[PDB]
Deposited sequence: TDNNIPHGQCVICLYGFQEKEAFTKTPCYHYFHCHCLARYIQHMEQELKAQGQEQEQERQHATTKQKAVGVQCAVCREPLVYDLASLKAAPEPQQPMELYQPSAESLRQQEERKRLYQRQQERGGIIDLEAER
């Protein structure tokens, strides 16, 4: 069947027709998402001198090539539409920032 939760790498859920996988530590990721994470970690570890689960740090077993072969999920981008209330809150923050500047309370870094 299809899991009801979310992939923590991309923040989207799962749909039939999508390619996804489950780890031995019971965590679900899209195959595409997990492949990107593993590639990055292998690079970092080498520069230091054993890739761990993003969620729980258990060492993973995997075949990177098999994960890479899966199709990337088609996921429409989530439009950003600030509510009326959030716009009001933004205005108040602007007033507070202006006072901090006047006090010499804002770090410049020239």
property: Deposited-sequence segments unaccounted for in the coordinates; result: 1-3, 53-69, 131-133
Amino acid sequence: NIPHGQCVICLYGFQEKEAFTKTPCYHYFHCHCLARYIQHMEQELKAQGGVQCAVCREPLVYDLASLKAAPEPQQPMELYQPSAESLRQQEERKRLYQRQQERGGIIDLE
From here on, numbers count along this sequence of modelled residues.
property: Which of 69-77 and 50-58 has higher mean CA B factor, as the PDB entry lists it; result: 69-77
property: Mean Cα B-factor comparison, 91-99 or 19-27, giving the higher one as deposited; result: 91-99
property: Modelled-residue ranking by C-alpha temperature factor, third containing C33; result: lowest
property: CA B-factor placement of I106, once the chain's modelled residues are sorted into thirds; result: lowest
property: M41 CA temperature factor, ranked by third within the chain; result: middle
